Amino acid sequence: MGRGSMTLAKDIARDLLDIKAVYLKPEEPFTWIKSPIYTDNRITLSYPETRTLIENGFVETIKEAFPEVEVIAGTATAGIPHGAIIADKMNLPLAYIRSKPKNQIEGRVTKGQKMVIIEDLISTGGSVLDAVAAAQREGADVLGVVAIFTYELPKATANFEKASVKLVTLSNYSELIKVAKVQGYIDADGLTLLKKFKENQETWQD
């Protein structure tokens, strides 16, 4: 329900900040509009230790939230790598869902097969929600979605609520920024600026 172990969220957030999968710059934001946070979880694939922490994290939270799972599907293309390793560890069939046809489901999925979709980052959620929709159109019984990280944007919760799809994440914005402060990546000011950004990606610098 929402995430996995409180300690997994903490450890992963720690790792994301250390290897620089997540950058925090409250004082000099990047551009979209202006954002104090930037994330590329594809970086985690280059650090075996962190990668293993994340993939084991996936396997564990899947067993808790979606134990009935029969097929692991990765979201093209940032989610595929994680999904592959996950499927290997759990010795389950792997499939992957494309942005659009070249029939977006690659691999072999039988009608009704229970599927968990893997995503690396949840921002608005639109990408994975489209992957979910496509899988459902092709016959899959999508138990839900599991992602490495989420910005906890209200929009995302709204999109997921409306589509009725269950989402679980290894770590989250709230816990990451709390850890960021403790670990010295940001100061008091930065922390409040980051909280502001989550509540409104427009008036946080005001």
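In this text, residue numbers run from 1 along the sequence as written.
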Checklist outcome for this item: Here the number of deposited-sequence residues unresolved in the coordinates between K111 and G112 is none
Next on the checklist: If you take the mean CA temperature factor per stretch, which one wins between 76-84 and 103-111?
Outcome noted: 103-111
Checklist entry - If you average the Cα B factors in the entry, which is higher, 156-164 or 24-32? => result 24-32
Checklist outcome for this item: By the entry's values, the third containing the CA B factor of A13 is the lowest
Checklist entry - Based on the entry's values, in what third of the chain does the Cα temperature factor of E175 lie: lowest, middle or highest? => result middle
Item to check | B-factor third for the C-alpha atom of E55 within its chain | outcome: lowest
Item to check | Ranked against its chain, the third holding the CA B-factor of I43 | outcome: highest
